[PDB]
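*Asks:* take these chains first, placed just as they are in the complex:
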Amino acid sequence: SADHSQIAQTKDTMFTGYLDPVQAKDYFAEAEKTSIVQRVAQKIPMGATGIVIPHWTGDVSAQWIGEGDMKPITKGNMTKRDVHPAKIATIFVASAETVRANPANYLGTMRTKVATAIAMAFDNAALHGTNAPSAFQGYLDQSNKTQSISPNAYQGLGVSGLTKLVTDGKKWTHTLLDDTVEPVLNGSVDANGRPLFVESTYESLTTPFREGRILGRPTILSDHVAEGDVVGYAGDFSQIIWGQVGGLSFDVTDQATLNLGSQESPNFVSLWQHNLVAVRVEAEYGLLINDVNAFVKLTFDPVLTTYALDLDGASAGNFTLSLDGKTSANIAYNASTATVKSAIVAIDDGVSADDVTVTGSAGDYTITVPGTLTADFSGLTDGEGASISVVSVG
């Protein structure tokens, strides 16, 4: 065996030898992380085939009539969406003597660390969409709405943020915050310099950080929900459903053969030939967010939003663009790139040519604006696939 090879565990630099002075704890071990999404979304029973969620969509209707005036006919209508699982999996490998000795309980330590890595992958694939599989539908960060909170959290969450959430007919049920939010809830003072959220001698922890309520909604706390400018969320968490087809399997062998290389440049190692032992780990997850616009992303002050506009190659007519429900004129499907910036600043609002930006060409524009942006394709003759989307961090 090659000692300290990147794949195989074997007796190498990682182990002291188990001499009496080795302390029974890493006295500075941080406690192990856990999934947030699995404690806030609806867990739905799910199998390997995936599932179908039905939905109603009819304009069922009735009309006022006169005496003897013969009666109208109406319709129900129905629709469905399917949801599917995706596997997350990994392998770890160790010398048979390393399995025998189990130094520092490395094998048990690995079996918990992989389970945490899988739980954390499921959180980030649902929250931030990072490396998300094809089967998951939507992720929270994909929302078209943002509110900043940092000068005064009460005016942030309870008033400004709530206004842009209820105006779409969406609703506020929970709020989910990163532990980095603590020093913006602390302070958040009234004009006389007393804090909100805490009692008159300031010995108590801050009310939401007790997992207490804000304006009747519960507060969920996390050590890892933040990424980029985003420090938390608020919305209708009933709109999220998730499933898990089976628990983490663990399966073990000395007898199999692995590839240590990539697929097209393989380096096959027989586990039996080198007397290594390998452990397979896998689980299946499914996720659906009914729509991602049911959540307002929470940030510190000066936040700015990027959108990608995609006409699916449509070839005659017009789209139009809106900020905060104010609506621009019609814009040609092929309009020269500075036209989009001109049409945005032509909104009856304080948006201006120093704040607003645009890049790209006919039907592939990327738009940057200080607000909630939406697009309408009703003026476009063949816009049958036309769309708009929210761009990630990078």
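*Replies:* Cool, got the structure. Numbering: from 1, shown residues only, chains lettered A, B, ... in the order given.
*Asks:* Three-state assignment for residue A:388, please.
*Replies:* For residue A:388, the assignment made with DSSP: H, G, I helix; E, B strand; the rest coil gives strand.
*Asks:* my guess is it meets residue A:305, correct?
*Replies:* No - in this structure, residue A:388 is not within contact of residue A:305 by C-beta atoms under 8 Å, at 11.9 Å. Backbone N, C-alpha and C define where each C-beta goes, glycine included.
*Asks:* list phi and psi for residue A:54.
*Replies:* phi -80, psi 160 (degrees, to the nearest 10).
*Asks:* OK, contacts around residue A:54?
*Replies:* Going by C-beta atoms under 8 Å, 6 or more residues apart in numbering, residue A:54 touches A:78-80.
*Asks:* common neighbours of residue A:388 and residue A:305, please.
*Replies:* By C-beta under 8 Å, 6+ apart, the residues touching both residue A:388 and residue A:305 are residue A:373.
*Asks:* what does the helix of greatest length in chain A rub up against?
*Replies:* For chain A, the helix reaching the highest residue count under DSSP state H is reported as helix A:106-127. Under the contact criterion C-beta under 8 Å, 6+ apart, helix A:106-127 has outside partners A:9, A:32-38, A:41, A:88, A:90, A:92, A:94, A:98-99, A:102, A:130-133, A:136, A:139-141, A:224-225, A:227, A:240, A:242, A:248, A:250, A:279, A:281, A:283, A:285, A:287.
*Asks:* now do the strands in the stretch 101-250 of chain A.
*Replies:* A:146-148, A:174-178, A:213-214, A:217-222, A:230-235, A:240-253 (DSSP state E, counting those that start in this stretch).
*Asks:* of all those strands, which lies closest to residue A:49?
*Replies:* Proximity to residue A:49 (C-beta to C-beta) singles out strand A:240-253 among the strands of the stretch 101-250 of chain A, at 9.4 Å.
*Asks:* list the helices and strands that closest one packs on?
*Replies:* Judged by 3 or more C-beta pairs under 8 Å, 6 or more residues apart in numbering; DSSP states H and E, the packing partners of strand A:240-253 are strand A:42-43, helix A:106-127, strand A:276-289.
*Asks:* with the structure above as the base, add chain B:
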Amino acid sequence: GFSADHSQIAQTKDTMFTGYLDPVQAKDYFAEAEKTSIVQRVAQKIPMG
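*Replies:* Time to bring in chain B:
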């Protein structure tokens, strides 16, 4: 008759029902009998190592 989703009248043809009212699974009424060796019926069986 009427068209596939004729706006006044609901029918089993209407796209709204697809996934309800599927045809049901049946056994293969036309399966072959699984055939077997003729030489094993006529040639003498002997032991071998």
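*Asks:* again for the contacts of helix A:106-127, since chain B is there now?
*Replies:* Helix A:106-127 is contacted by residues A:9, A:32-38, A:41, A:88, A:90, A:92, A:94, A:98-99, A:102, A:130-133, A:136, A:139-141, A:224-225, A:227, A:240, A:242, A:248, A:250, A:279, A:281, A:283, A:285, A:287 when judged by C-beta atoms under 8 Å, 6 or more residues apart in numbering or on different chains.
*Asks:* any idea how far it is from the chain center?
*Replies:* 17 Å (C-alpha atoms, centre = their mean, to the nearest Å).
*Asks:* what comes up buried for it?
*Replies:* A:106-107, A:114-115, A:118-119, A:121-127 (16 or more other C-beta atoms under 10 Å in any protein chain shown).
*Asks:* quick check: closest non-adjacent residue to residue A:365.
*Replies:* Excluding the flanking residues, the one nearest residue A:365 by C-beta to C-beta, 6 or more residues apart in numbering or on different chains is residue A:309, at 4.6 Å.
*Asks:* surely the one you found meets residue A:391?
*Replies:* No - using C-beta under 8 Å, residue A:309 is not in contact with residue A:391, being 10.6 Å away.
*Asks:* those two: who's more crowded?
*Replies:* residue A:309 (20 against 13; other C-beta atoms under 10 Å in any protein chain shown).
*Asks:* residues in contact with that one?
*Replies:* Counted by C-beta under 8 Å, 6+ apart, residue A:309 has contacts A:319, A:363-367, A:375, A:387-388.
*Asks:* what do residue A:309 and residue A:391 both touch?
*Replies:* Joint contacts of residue A:309 and residue A:391 (C-beta under 8 Å, 6+ apart) are residue A:366.
*Asks:* if I look at residue B:41, how far off is residue A:102?
*Replies:* Distance from residue B:41 to residue A:102, counting by C-beta to C-beta, to the nearest Å: 60 Å.
*Asks:* quick check on these two: which one has the bigger neighbour count.
*Replies:* Per other C-beta under 10 Å, whichever of residue B:41 and residue A:102 has more neighbours is residue A:102, with 12 against 7.
*Asks:* chain A contacts on chain B?
*Replies:* Within chain B, the positions adjacent to chain A are B:7-8, B:10, B:16-17, B:19 by C-beta under 8 Å from any C-beta of the partner chain.
*Asks:* hmm, 10 Å instead?
*Replies:* By C-beta under 10 Å from any C-beta of the partner chain, the residues of chain B that approach chain A are B:5, B:7-10, B:14-20.
*Asks:* any idea whether residue B:41 is helix, strand or coil?
*Replies:* helix.
*Asks:* here's chain C, drop it onto the model above:
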Amino acid sequence: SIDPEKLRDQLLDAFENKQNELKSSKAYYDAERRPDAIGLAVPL
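*Replies:* Chain C now in position relative to the chains above:
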């Protein structure tokens, strides 16, 4: 149910597959020649 013509010939096969390994257990009790029993220092 199975046709006893077929079952007979299926069972002679299973029986003869056993006989070939029972040979080994007989060879110790009958004290027959065994390849591993022959003392090597003796000239061929």
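*Asks:* now that chain C has been added, could you go back to the contacts of residue A:309?
*Replies:* A:319, A:321, A:340, A:358, A:360, A:363-367, A:373, A:375, A:386-389 (C-beta atoms under 10 Å, 6 or more residues apart in numbering or on different chains).
*Asks:* checking my notes, residue C:28 in a helix, right?
*Replies:* Yes - Residue C:28 forms part of a helix when assessed by three-state DSSP.
*Asks:* distance of the closest residue to residue A:35 other than its chain neighbours relative to residue A:125?
*Replies:* Nearest residue to residue A:35, sequence neighbours excluded (C-beta to C-beta, 6+ apart): residue A:119, at 4.4 Å. Residue A:119 sits 11 Å away from residue A:125, going by C-beta to C-beta.
*Asks:* residue A:168 touches residue A:324, doesn't it?
*Replies:* No - Residue A:168 is not in contact with residue A:324 according to C-beta atoms under 10 Å; the separation is 11.3 Å.
*Asks:* joint contacts of those two?
*Replies:* Common neighbours of residue A:168 and residue A:324 (C-beta under 10 Å, 6+ apart) are A:372, A:374.
*Asks:* before we move on, back to that, mind checking which of the contacts of residue A:309 are in helices?
*Replies:* Using DSSP H, the contacts of residue A:309 in helices are residue A:340.
*Asks:* quick one: residues contacting the residue in chain A positioned nearest to chain C.
*Replies:* At 25.0 Å from chain C, residue A:255 is the closest residue in chain A, using C-beta to the nearest C-beta. By C-beta under 10 Å, 6+ apart, the contact set of residue A:255 is A:270-272, A:277-278.
*Asks:* what sits against the closest residue to residue A:295 other than its chain neighbours?
*Replies:* Spatially, and ignoring its direct neighbours in sequence, residue A:295 is nearest to residue A:235 (3.3 Å; C-beta to C-beta, 6+ apart). Applying C-beta under 10 Å, 6+ apart to residue A:235 gives the contacts A:140, A:143, A:145, A:161, A:165, A:170-176, A:217, A:289, A:292-297.
*Asks:* one step back: which one of the contacts of residue A:255 is nearest to residue C:16?
*Replies:* residue A:272 (33.8 Å).
*Asks:* which ones are touching residue A:45?
*Replies:* Contacts for residue A:45 (C-beta under 10 Å, 6+ apart) come out as A:51, A:243-245.
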